[PDB]
Amino acid sequence: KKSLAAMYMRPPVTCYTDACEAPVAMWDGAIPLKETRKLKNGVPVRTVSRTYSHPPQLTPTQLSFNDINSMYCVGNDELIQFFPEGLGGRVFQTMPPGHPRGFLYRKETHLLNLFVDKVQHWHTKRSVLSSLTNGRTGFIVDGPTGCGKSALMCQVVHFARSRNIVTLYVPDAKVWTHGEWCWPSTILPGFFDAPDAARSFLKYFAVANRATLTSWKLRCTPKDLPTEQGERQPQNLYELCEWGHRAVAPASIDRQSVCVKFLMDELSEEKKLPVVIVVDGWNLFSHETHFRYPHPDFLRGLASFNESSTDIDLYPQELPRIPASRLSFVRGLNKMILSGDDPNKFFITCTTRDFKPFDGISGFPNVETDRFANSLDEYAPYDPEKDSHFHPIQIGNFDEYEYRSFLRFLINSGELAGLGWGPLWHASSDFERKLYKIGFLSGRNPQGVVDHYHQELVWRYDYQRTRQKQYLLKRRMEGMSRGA
Amino acid sequence: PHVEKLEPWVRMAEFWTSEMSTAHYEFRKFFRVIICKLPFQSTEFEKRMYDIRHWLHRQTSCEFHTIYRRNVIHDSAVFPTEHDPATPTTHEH
Amino acid sequence: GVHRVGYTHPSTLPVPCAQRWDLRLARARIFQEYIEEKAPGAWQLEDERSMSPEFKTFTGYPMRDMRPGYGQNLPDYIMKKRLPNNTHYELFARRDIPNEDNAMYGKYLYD
Amino acid sequence: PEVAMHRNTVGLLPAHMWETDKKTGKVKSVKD
Amino acid sequence: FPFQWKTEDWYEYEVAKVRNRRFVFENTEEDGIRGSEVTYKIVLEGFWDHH
Amino acid sequence: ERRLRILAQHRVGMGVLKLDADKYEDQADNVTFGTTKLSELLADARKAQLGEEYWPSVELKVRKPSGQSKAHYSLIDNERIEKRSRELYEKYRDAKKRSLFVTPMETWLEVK
Amino acid sequence: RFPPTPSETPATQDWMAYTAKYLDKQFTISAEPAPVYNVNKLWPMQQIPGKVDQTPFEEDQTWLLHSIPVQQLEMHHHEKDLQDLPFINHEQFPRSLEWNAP
Amino acid sequence: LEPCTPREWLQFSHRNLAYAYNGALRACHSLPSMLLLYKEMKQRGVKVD
Amino acid sequence: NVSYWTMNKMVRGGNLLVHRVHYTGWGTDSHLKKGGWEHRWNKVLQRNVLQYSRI
Amino acid sequence: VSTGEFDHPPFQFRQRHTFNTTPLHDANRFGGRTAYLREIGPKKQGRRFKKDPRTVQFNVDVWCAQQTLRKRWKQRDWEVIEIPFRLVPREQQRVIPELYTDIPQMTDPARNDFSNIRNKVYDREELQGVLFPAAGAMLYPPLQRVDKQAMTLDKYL
Amino acid sequence: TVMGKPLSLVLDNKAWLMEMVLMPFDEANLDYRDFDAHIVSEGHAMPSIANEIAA
Amino acid sequence: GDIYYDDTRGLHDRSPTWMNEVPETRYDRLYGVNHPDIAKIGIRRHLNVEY
Amino acid sequence: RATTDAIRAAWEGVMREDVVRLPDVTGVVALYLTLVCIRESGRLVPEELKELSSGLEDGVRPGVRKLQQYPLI
Amino acid sequence: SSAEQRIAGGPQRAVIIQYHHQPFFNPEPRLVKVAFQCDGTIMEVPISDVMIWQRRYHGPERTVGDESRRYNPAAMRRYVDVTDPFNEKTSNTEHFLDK
Amino acid sequence: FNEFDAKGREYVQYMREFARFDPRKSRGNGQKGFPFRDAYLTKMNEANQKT
Ligand SMILES: Nc1nc2c(ncn2[C@@H]2O[C@H](COP(=O)(O)OP(=O)(O)OP(=O)(O)O)[C@@H](O)[C@H]2O)c(=O)[nH]1
Ligand SMILES: [Mg+2]
């Protein structure tokens, strides 16, 4: 009854998140409207405002120590600028194009943000950065499944590319290791390539750091590269990556193997510019890729199948599995890690726990109901101290401080953007009931918070709004009986 | 001695009462175990225990379990500890 | 994958010790265990209906071996099968008579 | 056809003991 | 408390508990009702439970 | 007893070696058959007192080589492959002027 | 049995043997460092040494595409054949199912 | 009333006897009739309300 | 070991001693109520053979 | 706890492709393994085994046991090497019972290590002196272990 | 914890099944974090009890 | 419980007989017990002993 | 380095039985078993109770709940 | 520390502090909390290693003694309250509300 | 009344058994020496729980 919707005016839009506001007929009862009275050329000035506003869109230089366990946002034009590769495995599940692009600023997020602030001028802070990593080349971030691992790694490229630092960002390592098809390297004997993962890597890395790679002069790169009519020979590292991925099929298959090897040769010789290398899921690069070696009868050559002493068409067999060290992309990475002549590259990476569940027995997964349909088929245990040369950082689930800030952003800004209950706010409970309940269902696990936020729709045994509407209808009928 | 409970053997039968209906009758018999622990082997008690079968109840039987200690000799001359032969046995043996 | 099963003699190792295959041959010597030669290393299937404790028909022994087509024609089934001597069939042959008095005495001897 | 049906060649047929038709290709008669 | 375990230890527990059922030494050189020298068990069988 | 627990795998349970003799019809011959199977099992277990060559070996589930050691698999013959890849690049750029797509079978993969 | 164990290809024991034999002919180290003691690929299965045998597969399509016949006739057990069927389960003496033999 | 059958044993509690004994305590009009009801209330096991 | 016609006349005659159960239940043995006929088929195998460590 | 399907659907009249109703022998069920026992048309020994309930249940019990085996072997990041008793570490100098013989044994409760010995996995870089004494060249590098007491980024310094 | 595994993994992270476990706590006006609970299954053992009848 | 420390026995300790299942305890009594036309004494009394 | 393998096997064989029962001794042996025990009890107790103490086993065990701890009156 | 199971010793005089007679509060082997005479050490000893001073041979409860009952010449009449057989509703202590 | 119910007396006996449990005193007990599966396997997962 008390609407206050016609008297509401729209605030002036300054950023992308302020323009994500829905019409006032949607979120009128979802986010209630209060009125404040200012003293402006008259004692009453009725100003109808929202109780909840969007969290502020801040550049990473404006983020501070007081913003720990708070919520901030990024622009959509800042999203397309700093992320041409994409985001992590499950980061973009909370950002449709109507929603603002929010991020939680944790305390481990503040440690990495001040780290890249010292990476930006590393030559004067070299003894500081060596004591932070304990002499290692970088950090590896490990924890349980669904925590802030890939959600932190996309923040690091937001921290570094806003500080105009050249970044190698692998948004998910399962395109390289668990890819579509594997091809041997053209110029590297005994090495292999992921060609579809490489053309997408050589495309988006050129667009991301075009301001820095155009100033990158080619030091160790042969100038007799094969070049068709109308194309210019590359003189920059931006021109080298555009020589690789921009081609016609099947000439793009062998061009990336030349380009990736000469990219890793050019990066390993640069000792002056800081190059942050961020990899989502380094544990996939630390063990065997899911490809296997081909059978030697395929390359040997046969005249017939009946008399050749082979059974390649009769019975399948499991060859030894190809490790990730035999890939041309990871060969250049492991060259810069193990060789101590590069105090310039900082490998702030993480692991992934996106594997399928297996708890003693296993039937067949139902094709309709399978949350792990695009999950990894590995089942292998991983220890980041023993299987990587980086410093392990252990992050757990949320505590109740940042879980409250993350759930306030999910519920309120979803209904403010026209994606939540809206007019059906009276059927769902209040925020203190939802904070108490989802914290039980998730255990403050960050993927479980997002998952049970969508599973708030199918709650059956919540009786808060039933008893409240019974009390208010009882209070109404006695109020009119008092007036009678 | 103390009496120990044992679950009854019960086995049911499913047969026609005629394709009209099915009858469900079960054979069943109940068990009680009596545990007698003596700290010596006496044949006078074993004789008395075996003769309880002659005055049992109607349609009631019994069986006897006897767990006794007995000295066993491992003769290391009849069964010696020898080195393995020069030509060892294979799976073909 | 496809490999050859290896064996190290105790005279070859720098610290000699009894291996696990000649202990298997010593175990097969005592209890007379048949060693099937063409038993495949890849086919080790557990009876998960019985062995797993989170199933309804949980028995700690494998009640059925996971082999399709384990019939009477194979001689390995014949060697490990129980002969029907002094079984319930031997009770059925001597007791199930149309006249129970023809199993406890002769009629001429009783008359 | 369970494992290796693709390895059957035309030399595995006993073509000397039958007579086939010239139009369709099927066997017309059998030899004693 | 509360009881949370790895499942393969639970898989090892439930199989070892049933296979070691009759792996018991009854006549032990010990104290009273557990310890003895000979153990007699008479299994009585009848058609009715009160019999 | 380490040799005795391996030679009698399921016959030993909860510190008690149990032998169930079911070979013969009468129990008197099964006591005799059970006695000689106990003495044959004890005599082969007594070989561990002869020397260390009859001590049963410990089965350790030792891990695969770790990701730190697997990182060095890229640098196996690093200077030889980097020398090799330069002439393989020169073999590649001369063969690109002849055909559109040049496979690694035409560069370094020996097939025949 | 149902898997007819294939022929032993010469260099397929690990990734280094395949790289040194077929991919890179000038590979220095031939195979992975093998210990002096005996490795057990099949575990806890004791296999006859000197016999070419195959490990259990790790992918699902290798278990699917392998020439494994399915059960067609009536299944048989070596001691559950005196008892004819689960409906015709024969018991000689009516002992309890929890009867422990001394 | 002392319950004997398990149907009325499922409706027996010393805290529920507190309400029934207080209703008889308020039904009384004089203290000599009330102190006799109170003494057997605390003689029996009854939670005092 | 009789037919269905002989089993009813032994029940209607009163010779054998059988207890009648409701025709939609599984009787009284807990092994039959748990898994059915196949679970009791495995329990007799566990009693007759698999409880003995064979030599 | 596993949420996959284990039992086979029972036999009734021929199902159709509807809502909450799949045909009885479809390519979606059990990963397409029902093609061995399916009929396309809407020889007596080759027709009746497709319709027997005990026969089709046994084949799914084999296929689920194959899926249980391949996931237990993909979990293995180790291998079993017979190491003699003298060169073995201190926690393996005890009498180890076999599988399903005793209670699941803790490793060493005196040193506050309560874990099963049968799931103990040792790193290969620890036993280079035992597994490879004949090389003498240290074929595997030593494992770089991080200093837990060093002031790093995780300890706000 | 239900049979050694946490409640988010037993009931397969389903909110409409796990909220019935919270229902003894909220109707009592009690906080669930002040109590530890372990539930032992004594009925028919199944690989997944993710249903509303088990909840 | 223990009889030597029992003297005032604890009766009806809320032990749930509905968690356990013994539902089939149906009993069949003879027809016409309180009927005025059916006599109390008779040869139909022998039907009370039949199982 | 202290005793033989036959002594260590005989010592472990006594202490592994179901109930370890103490043997009866002779009178001159009981005097020898007690007098050495009196001499060896000085090194096992702390120095607060070496000279004057209450009982022979007082301070040999780390934690023992005595009945005399509460009634100090 | 070298003993695997336990070591028994000589029987010393002691008093019983507590004895959980319930099978759930005291499983097998049963323990009884005793306090010895010489040093007053409170220990939980097994029930097999205790000895009581019996009063008779055939007794189920051997520690307590026999008691003589009172004799009545005309013992055929004797009045017992059916409602209060143990005289519960009468109070020997006088209350302040009996005025 | 009694102090505990039938399922309450079952699990309160299991806690007293695990409080006095020693694995060297489970020499020849058989399956009676298995020390309360719920609390024994919880101690074996202490490397993963870490309260
Ligand atoms: N906006 C925002 N979302 C977060 C943050 N931390 C966690 N999340 C949410 O938590 C979920 C988990 O994100 P991921 O980092 O991809 O989870 P993970 O640890 O990488 O999971 P695995 O890849 O399986 O190992 C995401 O879907 C996010 O919605 C954060 O700091 N900011
Ligand atoms: Mg991730």
# chains A, B, ... in the order shown; residues from 1 in each chain; ligands from 1
call {"tool": "residues_near_ligand", "arguments": {"ligand": "ligand 1", "cutoff": "7 Å", "atoms": "only C-alpha atoms and all ligand atoms", "output": "VMD selection string"}}
result
chain A and resid 88 to 94 102 to 106 144 to 152 351 to 355 446 to 447 450
call {"tool": "interface_residues", "arguments": {"of": "chain O", "to": "chain L", "cutoff": "9 Å", "atoms": "only C-alpha atoms", "output": "number ranges by chain"}}
result
O: 1-7
call {"tool": "residues_around", "arguments": {"residues": "residue 83 (chain J)", "least_positions_apart": "3", "cutoff": "7 Å", "atoms": "only C-alpha atoms", "output": "ChimeraX atom specification"}}
result
/F:57-60 /G:37 /J:88
call {"tool": "atom_distance", "arguments": {"atom1": "CA of residue 81 (chain F)", "atom2": "CA of residue 28 (chain G)"}}
result
11.3 Å
call {"tool": "residues_around", "arguments": {"residues": "residue 47 (chain K)", "least_positions_apart": "4", "cutoff": "10 Å", "atoms": "only C-alpha atoms", "output": "PyMOL selection string"}}
result
(chain A and resi 359-363) or (chain C and resi 52-56) or (chain J and resi 1-6) or (chain K and resi 10)
call {"tool": "residues_around", "arguments": {"residues": "residue 16 (chain E)", "least_positions_apart": "5", "cutoff": "7 Å", "atoms": "only C-alpha atoms", "output": "PyMOL selection string"}}
result
chain J and resi 100-103
call {"tool": "write_last_selection", "arguments": {"atoms": "C-alpha atoms", "output": "PDB file, in the first residue's frame"}}
result
ATOM      1  CA  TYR J 100      41.243 -57.559   6.127  1.00  0.00           C
ATOM      2  CA  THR J 101      43.337 -59.426   8.724  1.00  0.00           C
ATOM      3  CA  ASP J 102      43.346 -57.061  11.713  1.00  0.00           C
ATOM      4  CA  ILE J 103      41.949 -53.671  12.777  1.00  0.00           C
TER       5      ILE J 103
END
call {"tool": "interface_residues", "arguments": {"of": "chain O", "to": "chain E", "cutoff": "12 Å", "atoms": "only C-alpha atoms", "output": "number ranges by chain"}}
result
O: 15, 26-51
call {"tool": "write_last_selection", "arguments": {"atoms": "N, CA and C atoms", "output": "JSON list (two decimals), in the first residue's frame"}}
result
[["chain", "number", "residue", "atom", "x", "y", "z"],
["O", 15, "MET", "N", 30.78, -45.55, 24.07],
["O", 15, "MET", "CA", 31.75, -44.54, 24.48],
["O", 15, "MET", "C", 32.62, -45.02, 25.63],
["O", 26, "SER", "N", 43.44, -56.34, 22.33],
["O", 26, "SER", "CA", 42.54, -56.97, 21.37],
["O", 26, "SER", "C", 43.18, -58.19, 20.73],
["O", 27, "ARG", "N", 43.91, -58.96, 21.53],
["O", 27, "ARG", "CA", 44.75, -60.04, 21.02],
["O", 27, "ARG", "C", 43.92, -61.15, 20.38],
["O", 28, "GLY", "N", 43.04, -61.78, 21.16],
["O", 28, "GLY", "CA", 42.28, -62.89, 20.63],
["O", 28, "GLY", "C", 40.78, -62.75, 20.81],
["O", 29, "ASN", "N", 40.29, -61.51, 20.79],
["O", 29, "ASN", "CA", 38.87, -61.27, 21.02],
["O", 29, "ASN", "C", 38.02, -61.50, 19.78],
["O", 30, "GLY", "N", 38.60, -61.42, 18.59],
["O", 30, "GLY", "CA", 37.84, -61.61, 17.36],
["O", 30, "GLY", "C", 37.26, -60.29, 16.89],
["O", 31, "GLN", "N", 35.96, -60.30, 16.58],
["O", 31, "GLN", "CA", 35.28, -59.07, 16.19],
["O", 31, "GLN", "C", 34.81, -58.25, 17.38],
["O", 32, "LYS", "N", 34.95, -58.77, 18.60],
["O", 32, "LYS", "CA", 34.66, -58.00, 19.80],
["O", 32, "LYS", "C", 35.76, -57.00, 20.15],
["O", 33, "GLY", "N", 36.93, -57.13, 19.53],
["O", 33, "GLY", "CA", 38.01, -56.18, 19.71],
["O", 33, "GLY", "C", 37.98, -55.00, 18.77],
["O", 34, "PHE", "N", 37.00, -54.94, 17.87],
["O", 34, "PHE", "CA", 36.91, -53.82, 16.95],
["O", 34, "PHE", "C", 36.35, -52.60, 17.67],
["O", 35, "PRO", "N", 37.10, -51.50, 17.76],
["O", 35, "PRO", "CA", 36.86, -50.43, 18.75],
["O", 35, "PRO", "C", 35.95, -49.29, 18.32],
["O", 36, "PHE", "N", 34.65, -49.58, 18.12],
["O", 36, "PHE", "CA", 33.61, -48.58, 17.90],
["O", 36, "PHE", "C", 33.89, -47.71, 16.67],
["O", 37, "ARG", "N", 33.63, -48.27, 15.49],
["O", 37, "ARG", "CA", 33.88, -47.74, 14.14],
["O", 37, "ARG", "C", 33.73, -46.23, 13.96],
["O", 38, "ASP", "N", 32.73, -45.64, 14.62],
["O", 38, "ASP", "CA", 32.49, -44.21, 14.51],
["O", 38, "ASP", "C", 33.64, -43.39, 15.09],
["O", 39, "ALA", "N", 34.05, -43.70, 16.32],
["O", 39, "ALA", "CA", 35.08, -42.91, 16.99],
["O", 39, "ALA", "C", 36.49, -43.35, 16.65],
["O", 40, "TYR", "N", 36.69, -44.59, 16.21],
["O", 40, "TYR", "CA", 38.04, -45.05, 15.88],
["O", 40, "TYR", "C", 38.50, -44.48, 14.55],
["O", 41, "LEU", "N", 37.62, -44.47, 13.55],
["O", 41, "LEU", "CA", 37.98, -43.92, 12.25],
["O", 41, "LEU", "C", 38.04, -42.40, 12.26],
["O", 42, "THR", "N", 37.42, -41.75, 13.25],
["O", 42, "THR", "CA", 37.55, -40.30, 13.38],
["O", 42, "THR", "C", 38.95, -39.91, 13.83],
["O", 43, "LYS", "N", 39.58, -40.74, 14.66],
["O", 43, "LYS", "CA", 40.94, -40.47, 15.09],
["O", 43, "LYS", "C", 41.94, -40.67, 13.96],
["O", 44, "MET", "N", 41.65, -41.59, 13.04],
["O", 44, "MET", "CA", 42.54, -41.85, 11.91],
["O", 44, "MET", "C", 42.48, -40.77, 10.85],
["O", 45, "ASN", "N", 41.49, -39.87, 10.90],
["O", 45, "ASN", "CA", 41.38, -38.77, 9.96],
["O", 45, "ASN", "C", 41.78, -37.44, 10.59],
["O", 46, "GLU", "N", 42.55, -37.49, 11.68],
["O", 46, "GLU", "CA", 42.98, -36.28, 12.38],
["O", 46, "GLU", "C", 43.96, -35.45, 11.54],
["O", 47, "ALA", "N", 44.68, -36.09, 10.62],
["O", 47, "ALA", "CA", 45.54, -35.35, 9.70],
["O", 47, "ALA", "C", 44.76, -34.49, 8.72],
["O", 48, "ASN", "N", 43.48, -34.79, 8.50],
["O", 48, "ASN", "CA", 42.65, -34.01, 7.60],
["O", 48, "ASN", "C", 41.64, -33.12, 8.32],
["O", 49, "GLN", "N", 41.28, -33.43, 9.57],
["O", 49, "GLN", "CA", 40.26, -32.64, 10.25],
["O", 49, "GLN", "C", 40.85, -31.35, 10.82],
["O", 50, "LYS", "N", 41.75, -31.47, 11.80],
["O", 50, "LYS", "CA", 42.58, -30.39, 12.35],
["O", 50, "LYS", "C", 41.71, -29.23, 12.87],
["O", 51, "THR", "N", 40.97, -29.54, 13.95],
["O", 51, "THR", "CA", 39.93, -28.74, 14.61],
["O", 51, "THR", "C", 40.27, -27.26, 14.75]]
call {"tool": "residues_around", "arguments": {"residues": "region 48-54 of chain M", "least_positions_apart": "2", "cutoff": "12 Å", "atoms": "only C-alpha atoms", "output": "list in words"}}
result
residues 38, 39, 40, 41, 42, 43, 44, 45, 46, 56, 57, 58, 59, 60, 66 and 68 of chain M; 38, 39, 40 and 41 of chain N
call {"tool": "write_last_selection", "arguments": {"atoms": "C-alpha atoms", "output": "PDB file, in the first residue's frame"}}
result
ATOM      1  CA  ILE M  38      64.977 -49.323  48.158  1.00  0.00           C
ATOM      2  CA  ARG M  39      68.293 -48.206  46.639  1.00  0.00           C
ATOM      3  CA  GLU M  40      66.778 -47.809  43.161  1.00  0.00           C
ATOM      4  CA  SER M  41      63.777 -45.837  44.459  1.00  0.00           C
ATOM      5  CA  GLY M  42      65.921 -42.780  45.197  1.00  0.00           C
ATOM      6  CA  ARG M  43      66.664 -42.109  41.527  1.00  0.00           C
ATOM      7  CA  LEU M  44      63.062 -42.516  40.334  1.00  0.00           C
ATOM      8  CA  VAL M  45      61.428 -39.999  42.705  1.00  0.00           C
ATOM      9  CA  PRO M  46      61.953 -36.220  42.398  1.00  0.00           C
ATOM     10  CA  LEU M  56      57.764 -46.327  48.698  1.00  0.00           C
ATOM     11  CA  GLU M  57      55.779 -45.396  45.564  1.00  0.00           C
ATOM     12  CA  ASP M  58      55.389 -41.655  46.109  1.00  0.00           C
ATOM     13  CA  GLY M  59      56.429 -39.605  43.095  1.00  0.00           C
ATOM     14  CA  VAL M  60      57.389 -42.481  40.796  1.00  0.00           C
ATOM     15  CA  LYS M  66      45.192 -39.942  46.170  1.00  0.00           C
ATOM     16  CA  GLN M  68      44.403 -37.909  51.032  1.00  0.00           C
TER      17      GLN M  68
ATOM     18  CA  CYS N  38      48.449 -48.157  52.798  1.00  0.00           C
ATOM     19  CA  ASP N  39      48.857 -45.174  50.458  1.00  0.00           C
ATOM     20  CA  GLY N  40      45.268 -44.206  49.636  1.00  0.00           C
ATOM     21  CA  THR N  41      45.764 -44.423  45.870  1.00  0.00           C
TER      22      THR N  41
END
call {"tool": "atom_distance", "arguments": {"atom1": "CA of residue 38 (chain G)", "atom2": "CA of residue 7 (chain C)"}}
result
6.2 Å
call {"tool": "interface_residues", "arguments": {"of": "chain L", "to": "chain I", "cutoff": "10 Å", "atoms": "only C-alpha atoms", "output": "list in words"}}
result
residues 22, 24, 25, 26, 50 and 51 of chain L
call {"tool": "interface_residues", "arguments": {"of": "chain E", "to": "chain N", "cutoff": "12 Å", "atoms": "only C-alpha atoms", "output": "PDB file with C-alpha atoms, in the first residue's frame"}}
result
ATOM      1  CA  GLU E  30      43.360 -65.367  32.066  1.00  0.00           C
ATOM      2  CA  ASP E  31      40.846 -64.210  34.718  1.00  0.00           C
ATOM      3  CA  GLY E  32      37.199 -65.273  35.118  1.00  0.00           C
ATOM      4  CA  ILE E  33      34.314 -65.445  32.587  1.00  0.00           C
ATOM      5  CA  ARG E  34      36.500 -64.614  29.570  1.00  0.00           C
ATOM      6  CA  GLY E  35      39.290 -67.067  30.423  1.00  0.00           C
TER       7      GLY E  35
END
call {"tool": "select_by_dssp", "arguments": {"residues": "chain G", "states": "helix (DSSP H, G or I)", "output": "PyMOL selection string"}}
result
chain G and resi 15-23+60-65
call {"tool": "residues_around", "arguments": {"residues": "region 2-14 of chain H", "least_positions_apart": "3", "cutoff": "8 Å", "atoms": "only C-alpha atoms", "output": "list in words"}}
result
residues 17, 18, 45, 46 and 47 of chain H; 12 and 14 of chain L
call {"tool": "write_last_selection", "arguments": {"atoms": "N, CA, C and O atoms", "output": "compact mmCIF listing (two decimals), in the first residue's frame"}}
result
# COMPACT_ATOMS: atom_id res chain seq x y z
N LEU H 17 1.61 -32.59 35.42
CA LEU H 17 0.88 -32.68 36.67
C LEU H 17 0.91 -31.38 37.45
O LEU H 17 0.07 -31.19 38.34
N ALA H 18 1.86 -30.49 37.15
CA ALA H 18 1.90 -29.18 37.79
C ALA H 18 0.68 -28.35 37.43
O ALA H 18 0.16 -27.62 38.28
N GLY H 45 6.40 -36.82 43.41
CA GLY H 45 7.33 -36.07 42.59
C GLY H 45 6.60 -35.19 41.61
O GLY H 45 6.06 -35.67 40.61
N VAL H 46 6.57 -33.88 41.88
CA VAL H 46 5.86 -32.91 41.06
C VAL H 46 6.72 -31.66 40.97
O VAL H 46 7.15 -31.12 41.99
N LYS H 47 6.99 -31.21 39.74
CA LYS H 47 7.69 -29.95 39.53
C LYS H 47 6.81 -28.80 39.99
O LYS H 47 5.67 -28.66 39.53
N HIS L 12 7.85 -48.21 31.96
CA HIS L 12 7.47 -47.47 30.76
C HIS L 12 8.42 -46.29 30.51
O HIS L 12 8.07 -45.12 30.63
N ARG L 14 9.67 -45.03 27.89
CA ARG L 14 9.50 -44.40 26.58
C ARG L 14 10.33 -45.08 25.49
O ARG L 14 10.76 -44.45 24.53
call {"tool": "atom_distance", "arguments": {"atom1": "CA of residue 62 (chain B)", "atom2": "CA of residue 45 (chain E)"}}
result
5.7 Å
call {"tool": "interface_residues", "arguments": {"of": "chain M", "to": "chain E", "cutoff": "9 Å", "atoms": "only C-alpha atoms", "output": "ChimeraX atom specification"}}
result
/M:17-19
call {"tool": "write_last_selection", "arguments": {"atoms": "N, CA, C and O atoms", "output": "JSON list (two decimals), in the first residue's frame"}}
result
[["chain", "number", "residue", "atom", "x", "y", "z"],
["M", 17, "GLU", "N", 51.99, -62.03, 28.01],
["M", 17, "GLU", "CA", 50.91, -62.94, 28.34],
["M", 17, "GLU", "C", 49.65, -62.17, 28.73],
["M", 17, "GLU", "O", 49.64, -60.94, 28.79],
["M", 18, "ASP", "N", 48.58, -62.92, 29.00],
["M", 18, "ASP", "CA", 47.28, -62.30, 29.24],
["M", 18, "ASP", "C", 47.24, -61.59, 30.59],
["M", 18, "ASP", "O", 46.73, -60.47, 30.69],
["M", 19, "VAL", "N", 47.74, -62.24, 31.64],
["M", 19, "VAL", "CA", 47.89, -61.61, 32.94],
["M", 19, "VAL", "C", 49.29, -61.92, 33.44],
["M", 19, "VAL", "O", 49.65, -63.08, 33.63]]
call {"tool": "interface_residues", "arguments": {"of": "chain F", "to": "chain E", "cutoff": "7 Å", "atoms": "only C-alpha atoms", "output": "ChimeraX atom specification"}}
result
/F:13-14,16,18
call {"tool": "write_last_selection", "arguments": {"atoms": "N, CA, C and O atoms", "output": "PDB file, in the first residue's frame"}}
result
ATOM      1  N   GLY F  13      44.107 -64.115  11.197  1.00  0.00           N
ATOM      2  CA  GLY F  13      43.226 -62.995  11.445  1.00  0.00           C
ATOM      3  C   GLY F  13      43.095 -62.721  12.925  1.00  0.00           C
ATOM      4  O   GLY F  13      42.790 -63.640  13.694  1.00  0.00           O
ATOM      5  N   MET F  14      43.316 -61.460  13.315  1.00  0.00           N
ATOM      6  CA  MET F  14      43.340 -61.007  14.710  1.00  0.00           C
ATOM      7  C   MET F  14      44.315 -61.830  15.548  1.00  0.00           C
ATOM      8  O   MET F  14      43.950 -62.427  16.561  1.00  0.00           O
ATOM      9  N   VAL F  16      45.621 -64.697  15.409  1.00  0.00           N
ATOM     10  CA  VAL F  16      45.357 -66.113  15.637  1.00  0.00           C
ATOM     11  C   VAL F  16      45.376 -66.820  14.290  1.00  0.00           C
ATOM     12  O   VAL F  16      44.578 -66.495  13.404  1.00  0.00           O
ATOM     13  N   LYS F  18      44.300 -69.649  12.165  1.00  0.00           N
ATOM     14  CA  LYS F  18      43.191 -70.592  12.193  1.00  0.00           C
ATOM     15  C   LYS F  18      43.235 -71.471  10.953  1.00  0.00           C
ATOM     16  O   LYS F  18      43.363 -70.966   9.833  1.00  0.00           O
TER      17      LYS F  18
END
